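Enquirer:
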Amino acid sequence: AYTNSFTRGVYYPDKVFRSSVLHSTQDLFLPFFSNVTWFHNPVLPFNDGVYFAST
Amino acid sequence: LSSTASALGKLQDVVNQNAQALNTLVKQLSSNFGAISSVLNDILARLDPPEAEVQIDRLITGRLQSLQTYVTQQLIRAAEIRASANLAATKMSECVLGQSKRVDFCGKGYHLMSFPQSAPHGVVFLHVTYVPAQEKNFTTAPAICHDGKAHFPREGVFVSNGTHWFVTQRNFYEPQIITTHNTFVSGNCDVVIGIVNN
Amino acid sequence: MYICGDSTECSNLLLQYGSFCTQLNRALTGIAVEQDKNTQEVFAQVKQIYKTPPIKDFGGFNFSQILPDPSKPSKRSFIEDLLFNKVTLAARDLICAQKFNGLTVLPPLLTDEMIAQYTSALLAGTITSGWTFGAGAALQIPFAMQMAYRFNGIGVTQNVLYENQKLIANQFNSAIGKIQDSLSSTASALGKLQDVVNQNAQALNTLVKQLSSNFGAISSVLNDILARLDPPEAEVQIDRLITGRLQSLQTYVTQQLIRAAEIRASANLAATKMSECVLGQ
Amino acid sequence: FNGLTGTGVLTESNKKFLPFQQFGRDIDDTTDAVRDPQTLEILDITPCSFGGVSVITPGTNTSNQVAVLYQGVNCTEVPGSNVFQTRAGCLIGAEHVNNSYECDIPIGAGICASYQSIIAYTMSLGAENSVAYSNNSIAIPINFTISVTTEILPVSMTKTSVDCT
Amino acid sequence: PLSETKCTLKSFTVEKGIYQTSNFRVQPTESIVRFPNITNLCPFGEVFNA
Amino acid sequence: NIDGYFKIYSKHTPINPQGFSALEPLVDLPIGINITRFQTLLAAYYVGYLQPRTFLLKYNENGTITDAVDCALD
Ligand SMILES: *[C@@H]1O[C@H](CO)[C@@H](O[C@@H]2O[C@H](CO)[C@@H](O)[C@H](O)[C@H]2NC(C)=O)[C@H](O)[C@H]1NC(C)=O
Ligand SMILES: *[C@@H]1O[C@H](CO)[C@@H](O[C@@H]2O[C@H](CO)[C@@H](O)[C@H](O)[C@H]2NC(C)=O)[C@H](O)[C@H]1NC(C)=O
Ligand SMILES: *[C@@H]1O[C@H](CO)[C@@H](O[C@@H]2O[C@H](CO)[C@@H](O)[C@H](O)[C@H]2NC(C)=O)[C@H](O)[C@H]1NC(C)=O
Ligand SMILES: *[C@@H]1O[C@H](CO)[C@@H](O[C@@H]2O[C@H](CO)[C@@H](O)[C@H](O)[C@H]2NC(C)=O)[C@H](O)[C@H]1NC(C)=O
Ligand SMILES: *[C@@H]1O[C@H](CO)[C@@H](O[C@@H]2O[C@H](CO)[C@@H](O)[C@H](O)[C@H]2NC(C)=O)[C@H](O)[C@H]1NC(C)=O
Ligand SMILES: *[C@@H]1O[C@H](CO)[C@@H](O[C@@H]2O[C@H](CO)[C@@H](O)[C@H](O)[C@H]2NC(C)=O)[C@H](O)[C@H]1NC(C)=O
Ligand SMILES: *[C@@H]1O[C@H](CO)[C@@H](O[C@@H]2O[C@H](CO)[C@@H](O)[C@H](O)[C@H]2NC(C)=O)[C@H](O)[C@H]1NC(C)=O
Ligand SMILES: *[C@@H]1O[C@H](CO)[C@@H](O[C@@H]2O[C@H](CO)[C@@H](O)[C@H](O)[C@H]2NC(C)=O)[C@H](O)[C@H]1NC(C)=O
Ligand SMILES: *[C@@H]1O[C@H](CO)[C@@H](O[C@@H]2O[C@H](CO)[C@@H](O)[C@H](O)[C@H]2NC(C)=O)[C@H](O)[C@H]1NC(C)=O
Ligand SMILES: *[C@@H]1O[C@H](CO)[C@@H](O[C@@H]2O[C@H](CO)[C@@H](O)[C@H](O)[C@H]2NC(C)=O)[C@H](O)[C@H]1NC(C)=O
Ligand SMILES: *[C@@H]1O[C@H](CO)[C@@H](O)[C@H](O)[C@H]1NC(C)=O
Ligand SMILES: *[C@@H]1O[C@H](CO)[C@@H](O)[C@H](O)[C@H]1NC(C)=O
Ligand SMILES: *[C@@H]1O[C@H](CO)[C@@H](O)[C@H](O)[C@H]1NC(C)=O
Ligand SMILES: *[C@@H]1O[C@H](CO)[C@@H](O)[C@H](O)[C@H]1NC(C)=O
Ligand SMILES: *[C@@H]1O[C@H](CO)[C@@H](O)[C@H](O)[C@H]1NC(C)=O
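Chains as they are written, first to last, in the entry's author numbering: chain P, 27 to 66, 79 to 93; chain H, 935 to 1132; chain V, 737 to 825, 842 to 1033; chain S, 540 to 618, 636 to 672, 688 to 736; chain C, 292 to 341; chain B, 193 to 208, 214 to 239, 260 to 291.
(1) Can you check DSSP and say which residues form a bridge with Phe715(S)?
(2) Please confirm whether any heavy atom of ligand 12 lies closer than 7 Å to the CB of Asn821(V).
(3) With a CB to CB cut of under 7 Å and the five nearest residues on each side skipped, what residues in its chain are close to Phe779(V)?
(4) At a CB-CB cut-off below 8 Å, which residues of chain P make contact with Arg564(S)?
(5) Taking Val305(C) and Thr546(S) to be in contact with their CB atoms under 8 Å, please state how far apart those CB atoms are, rounded to whole angstroms.
(6) What three-state label does DSSP hand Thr320(C) in the structure shown?
(7) Can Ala889(V) and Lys787(V) be called in contact, C-beta distance under 8 Å?
(8) Residues of chain C with a CB under 7 Å from the CB of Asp575(S): which are they?
(9) Using a Cβ-Cβ cut-off of 8 Å, state whether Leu582(S) counts as contacting chain D.
(10) At a threshold of 7 Å, does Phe55(P) count as lining ligand 11 (C-beta to nearest heavy atom)?
(11) Check whether the segment 960–977 of chain H and the segment 986–995 of chain H touch, using three or more Cβ-Cβ pairs below 8 Å as the test.
(12) Under 8 Å, CB to CB, which of the residues in the segment 541–566 of chain S have a partner in chain B?
(13) Which runs of the beta strand (DSSP E) spanning at least 3 residues fall entirely within the segment 1023–1087 of chain H, listed in chain order?
(14) Work out the CA separation of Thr237(B) and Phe58(P) for me, nearest whole Å.
(15) By alpha-carbon positions, which one of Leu862(V), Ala921(V) and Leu846(V) ends up nearest to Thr856(V)?
(16) Pull up the CB-CB distance for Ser881(V) and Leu874(V), whole angstroms please, since I reckon it's below 8 Å.
(17) Counting only Cβ pairs nearer than 7 Å, list the residues of chain S close to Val960(V).
(18) Take the Cβ of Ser964(H) as the centre, count every other Cβ of all protein chains shown within 10 Å, and call the residue buried at 16 or more, exposed below.
(19) Along the chain, where does the beta strand (DSSP E) containing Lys199(B) start, and where does it finish?
(20) Using the Cα positions of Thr938(H) and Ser718(S), report the straight-line distance between them to the nearest angstrom.
(21) Is the Cβ-Cβ distance between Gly1128(H) and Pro1076(H) less than 8 Å?
(22) Mind checking which residues open and close the alpha helix (DSSP H) that includes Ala969(V)?
(23) Apart from the five residues on each side of it in sequence, which residues of its chain come closer than 7 Å, Cβ to Cβ, to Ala763(V)?
(24) Can we say the segment 1079–1098 of chain H touches the segment 737–751 of chain V, given the rule of at least three CB pairs closer than 8 Å?
(25) Give me the subset of the segment 215–234 of chain B whose CB atoms are less than 8 Å from a CB atom of chain S, sorted by chain position.
(26) In the DSSP assignment, the alpha helix (DSSP H) including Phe272(B) goes from what residue to what residue?
(27) Would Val949(V) be called buried (16 or more neighbouring beta carbons within 10 Å of its own) or exposed?
(28) If contact means a Cβ-Cβ distance below 8 Å, which residues of the segment 1054–1076 of chain H contact chain S?
(29) With three or more beta-carbon pairs closer than 8 Å as the criterion, would you say the segment 794–811 of chain V touches the segment 707–717 of chain S?
(30) Can you pull the chain C neighbours of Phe589(S), defined as C-beta to C-beta under 8 Å?
(31) Pick helix, strand or coil for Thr884(V), following the three-state DSSP scheme.
(32) Please confirm whether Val726(S) and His1098(H) have their CB atoms less than 8 Å apart.
(33) Buried or exposed for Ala572(S), please, with buried defined as at least 16 other CB atoms from any protein chain shown within 10 angstroms of its CB.
(34) For chain P, find out if any of its Cβ atoms is closer than 8 Å to the Cβ of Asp287(B); answer yes or no.
(35) Check whether the Cβ atoms of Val607(S) and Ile648(S) lie closer than 8 Å to each other.
(36) Three-state secondary structure (DSSP) at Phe797(V)?
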């Protein structure tokens, strides 16, 4: 399957506290509404980061 | 005018502002601006062209910056002076050449006439105005019921001095007797609120 | 303080560029005094403070939603309170208006309650005495006769008022209640004031934001640059930062001059309207 | 604190830092609170006060006394004469009264000083009078006066030309 | 301060009013530096007290 | 992995995709290696890849991330 990562994968970019504001960041994220290659072992590539979910 | 001073504040303020701007423009010629000397002759005649070029470039850019700032300030000030000149033109066109019915435009009171006079870089108006005084009280009423009809005043107002009733103009106390020639009738009087028999 | 930030070598480098700070501060002070003059000439059109009579019998008209009330502490009327609550964007949270970078907000000369007293004086004068309080001394005159004189000035005879006093009083009361409701419920009616506030705030924010750019130097903070390199050859970067920040400051000052000019024009128009349409017809 | 360097006044605070967070921030990237790495407590940071001074003088022709007004400083850390705390700063050298006169040296927020000894008080907008409004009375003038005023308007300024070269 | 006003205006007589002289800043008195607890120090006696 | 630092975030054990929940850092390791591939030990695991993007993040009143929008989608 090739299910859709709806809105998954936003991580606190740094340790700076901040309250009730809206910030704009430039960082290495997993884009919204993309395909995740479901799996079920292959030596997958890394190519600057990886999100890995399981259940 | 002759004894008291500080009446001509605005023209003096204009002159002072212009003089200060020009003086601080001139004074900016002694600044180093990051070069080795303020004067250009010695630095030109004391070093080789390769470094004289750099120093002269720094001086040139500093002086261009200062001159640009001065020009922009002059433009702003000229705009505000133009607005004031337009207002003065309007005031002379309306209050000198005619009588103005618009309130508080020329003076404080009712307007009668004006006279202009010159000045160094401006104009001076001498408005003449009418101002009332020494009031009283009296007792008013909006209509007069006679023969079942209501009589209203053409121009003026009804007053009473305690016993009798008069019509007087609004801006001056000149009482008159009430006749048919200066009052007009409209309908019966059972709907007006403050009618008075007479 | 804005350019250098408490460093002796930066001050030594800066003092040789002339007297820019002098004309900058002079321009800002000129703007501030202009603002004070604006407000003073707009509102202070009267010499005394007239007070509304305790008993209200204004011929059937109902003014209770404009005249001030004693229950509120600020002595502001109802419509003024609706208008003050609607501008969302000073108790005791004061003496704390300064920011980390040198910049301050001075308080206005005329407190809000003084402006409230001015407008109350104007409105009670025009209710009781008509327009005669703008020429000489106030002369009382009942409200019904003042309204008849105000009809008689647009070409309608004054018979029309005294047989239609009730209709006119009812229409005025209904219209004032309707405007109250429209102002209370509908938003986005105070466009001009809010746009002015937003423009000022955005200009200040971008001025502050500009403080953190390399401008072509090694870094954006003076302390790191001065503590990493040697004084013989670490002066070029300081010079670059000084020039950049001077440029940004001049830009901001010029924009403020333009905006102050347009606000001055608007204040003049408001003064004319307040002198010709309130104190007369 | 642990690398970051600054100047300010440290106060006990009541923020809710997340455990992995070290130091807070404001809207404009200006440090606001810091967690101290010895007892894990939050400390708010306030910049050290500034504010231009000003001098209030009645004119050298009259006397040589002045009153100094510091702008926007809580008048506790100022350092001689009477110290008056107002909402626009604090006054040094001017005594405070309990009256209200129309004033001539406005200093702000409704307070405005004037010479007597240099007092500081609150403005008085005008003499508060009441017109006796009654529904059947008027007031008609019986005399008049004629008054002459002045108005001064600038129309032009000096013409100047400057050569660039 | 009167002398400061006379300097700023560049005149020996100053008219009635309010003038701006200068600005002041409160100077910091103390320096404070803080660092986390000193723990897991490098082993040194394992090559001496062995 | 960025310039010698290998960072592992996580959300450990959310209890029931779909929805919103931010990921809090757990560990940073200062080594630095030319790294190109990986393989797990012994079960079905979704995998996704990260690329540079611009995001807008809305912080809560308590410092938690409660909403975020992309900036090159529509
Ligand atoms: C109100 O005005 C009328 C008109 O002037 C006054 O009536 C006259 O009063 C004078 C003396 O004040 C008498 O000599 C006249 O004979 C009066 N005229 C008539 C027709 O009787 C009247 O007195 C004034 N009211 C008051 C209270 O003085
Ligand atoms: C103007 O005067 C008063 C203002 O309140 C009112 O007159 C009252 O009229 C009623 C009925 O006619 C009387 O019972 C009262 O005694 C009157 N009061 C006073 C003080 O006179 C009314 O508003 C107006 N009256 C007239 C005649 O215009
Ligand atoms: C003005 O005069 C008219 C006419 O007399 C008065 O109207 C009379 O009022 C009385 C009492 O209200 C009635 O009994 C009569 O029927 C009315 N008509 C007539 C023809 O007398 C009126 O009251 C007077 N008003 C004043 C203020 O004096
Ligand atoms: C003038 O308008 C006000 C505003 O409505 C009226 O005040 C109302 O008075 C009634 C009776 O006391 C109350 O039930 C309403 O709640 C009041 N309105 C408000 C908004 O609180 C006032 O009564 C009017 N004037 C007269 C003479 O009736
Ligand atoms: C003039 O217009 C007014 C309102 O615009 C009319 O007054 C209304 O008349 C109706 C019917 O008589 C009443 O139910 C309303 O209460 C009245 N309104 C008010 C505010 O009093 C009036 O009838 C119109 N007149 C003519 C001749 O057309
Ligand atoms: C100047 O600072 C002092 C010290 O904080 C203020 O006095 C305290 O003010 C707070 C409110 O800000 C009150 O809760 C305290 O009761 C006050 N007294 C203390 C702490 O002993 C003073 O108000 C400040 N001056 C101002 C704000 O004008
Ligand atoms: C017109 O009459 C009114 C009321 O009788 C006068 O107003 C009062 O005048 C007395 C005079 O001693 C004062 O003590 C009161 O304070 C006044 N009332 C108010 C509310 O101020 C008024 O002065 C009279 N007009 C003239 C020109 O004398
Ligand atoms: C209106 O006011 C004028 C002055 O403002 C009064 O004229 C003065 O009257 C006194 C008393 O006789 C004389 O001493 C003055 O010389 C007069 N002045 C002038 C310029 O002539 C005038 O009397 C007042 N009107 C009334 C009706 O009293
Ligand atoms: C750093 O070390 C100090 C002293 O060794 C610790 O302070 C003690 O912390 C314990 C917590 O279990 C308290 O019961 C003691 O009362 C504290 N003593 C003093 C003198 O403060 C501190 O907790 C340590 N902090 C860290 C983060 O390791
Ligand atoms: C943010 O945190 C504060 C304090 O931790 C929360 O405020 C209180 O939190 C306690 C914790 O159980 C509740 O019992 C109270 O009801 C909260 N009071 C209020 C007024 O909120 C606050 O709820 C948190 N906000 C969040 C999580 O959105
Ligand atoms: C995922 O891939 C399938 C086919 O490989 C494609 O139809 C679908 O549009 C992709 N999803 C997204 C969000 O692009
Ligand atoms: C100084 O000059 C002013 C100018 O108006 C005057 O008011 C003041 O009385 C003079 N002082 C003395 C002591 O004469
Ligand atoms: C003003 O009056 C109040 C109360 O009457 C008093 O406490 C205060 O000391 C007075 N202030 C001065 C300066 O006299
Ligand atoms: C070895 O132990 C002694 C105590 O007997 C101590 O003084 C010394 O510092 C230790 N050596 C080292 C390297 O710490
Ligand atoms: C990867 O190897 C190259 C040499 O081939 C080296 O220059 C670089 O620093 C290395 N980077 C990492 C992250 O190992």
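We put the CB at the ideal spot given by N, CA and C, even for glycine.
Expert: From the atom records:
(1) Translated into the one-based positions of the fourth sequence, residue 715(S) becomes position 144. According to DSSP, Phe715(S) bridges with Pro1066(H).
(2) By one-based count along the third sequence, residue 821(V) stands at place 85. Outside the cutoff, so no.
(3) Here residue 779(V) is taken as the residue at index 43 of the third sequence, counted from 1. Answer for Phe779(V): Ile867 and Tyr870, listed in chain order.
(4) As a first step, residue 564(S) must be located in the fourth sequence, where it is residue number 25. What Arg564(S) touches in chain P: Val42, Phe43 and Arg44.
(5) Residue 305(C) sits at position 14 when you count from the first residue of the fifth sequence. Residue 546(S) sits at position 7 when you count from the first residue of the fourth sequence. Not quite, the Cβ-Cβ distance comes to about 36 Å (not below 8 Å), so this is no contact.
(6) Counting from one through the fifth sequence, the residue named residue 320(C) turns up at place 29. Coil.
(7) The residue you call residue 889(V) lines up with position 137 of the third sequence. The residue you call residue 787(V) lines up with position 51 of the third sequence. No.
(8) Within the fourth sequence, residue 575(S) is the residue found at index 36, counting from 1. Within chain C, the residues near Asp575(S) are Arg325.
(9) The structure shown contains no chain D; its protein chains are P, H, V, S, C and B.
(10) Numbered from its first residue, the first sequence carries residue 55(P) at position 29. Outside the cutoff, so no.
(11) yes
(12) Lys555, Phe556, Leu557, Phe559 and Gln560
(13) 1044–1047, 1050–1052, 1056–1059, 1062–1067, 1078–1080 and 1083–1087
(14) The sequence position of residue 58(P) within the first sequence is 32, counting from 1. The sequence position of residue 237(B) within the sixth sequence is 40, counting from 1. Approximately 26 Å between the Cα atoms of the pair.
(15) Residue numbering aside, residue 856(V) sits at position 104 when the third sequence is read from its first letter. Ranking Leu862(V), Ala921(V) and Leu846(V) by Cα distance to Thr856(V) puts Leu846(V) first.
(16) Position 129 of the third sequence holds residue 881(V). Position 122 of the third sequence holds residue 874(V). No, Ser881(V) and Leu874(V) are not in contact; Cβ-Cβ is about 11 Å, not under 8 Å.
(17) On the third sequence, residue 960(V) is found 208 positions in, with the first residue counted as 1. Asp567, listed in chain order.
(18) Here residue 964(H) is taken as the residue at index 30 of the second sequence, counted from 1. Answer is exposed; the Cβ neighbour count stays below 16.
(19) As a working mapping, residue 199(B) is identified with position 7 in the sixth sequence. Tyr197 to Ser202 is the span of the beta strand (DSSP E), which, as asked, contains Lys199(B).
(20) Position 4 of the second sequence holds residue 938(H). Position 147 of the fourth sequence holds residue 718(S). Going by the C-alpha atoms only, they are around 19 Å apart.
(21) For this step, residue 1128(H) is matched to residue 194 along the second sequence. For this step, residue 1076(H) is matched to residue 142 along the second sequence. Contact flag set, yes.
(22) If you number the third sequence from 1, residue 969(V) lands on position 217. That residue, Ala969(V), is in no alpha helix (DSSP H); it is neither H nor E in DSSP.
(23) On the third sequence, position 27 is the one that residue 763(V) refers to. Taken in chain order, the residues that qualify are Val1005 and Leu1009.
(24) no
(25) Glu221 and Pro222
(26) As a position in the sixth sequence, residue 272(B) is number 55, starting the count at 1. First-last for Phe272(B): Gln268 to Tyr276, but that is the beta strand (DSSP E), not the alpha helix (DSSP H).
(27) Along the third sequence, one-based indexing puts residue 949(V) at 197. Its Cβ having fewer than 16 others within 10 Å, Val949(V) is exposed.
(28) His1055, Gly1056, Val1057, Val1058, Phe1059, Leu1060, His1061, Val1062, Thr1063, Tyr1064, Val1065, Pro1066, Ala1067, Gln1068, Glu1069, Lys1070, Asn1071, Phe1072, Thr1073, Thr1074 and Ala1075
(29) no
(30) Against the fourth sequence, residue 589(S) aligns to sequence position 50. Ordered by position in chain C, the residues that pass the 8 Å Cβ test against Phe589(S) are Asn314, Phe315, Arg316 and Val317.
(31) By 1-based counting over the third sequence, the position of residue 884(V) is 132. Of the three classes helix, strand and coil, the one that applies to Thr884(V) here is coil, per DSSP.
(32) The count along the fourth sequence starts at 1 and reaches residue 726(S) at position 155. The count along the second sequence starts at 1 and reaches residue 1098(H) at position 164. Not closer than 8 Å, so no.
(33) Here residue 572(S) is taken as the residue at index 33 of the fourth sequence, counted from 1. Buried, since its Cβ has 16 or more Cβ neighbours within 10 Å.
(34) For the purposes of this step, residue 287(B) is taken as residue 70 along the sixth sequence, with counting starting at 1. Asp287(B) counts as touching chain P.
(35) Residue mapping note: residue 607(S) aligns to position 68 of the fourth sequence, counting from 1. Residue mapping note: residue 648(S) aligns to position 92 of the fourth sequence, counting from 1. A contact, by the Cβ cut-off of 8 Å.
(36) For the purposes of this step, residue 797(V) is taken as residue 61 along the third sequence, with counting starting at 1. In this structure, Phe797(V) counts as coil in the three-state DSSP scheme.
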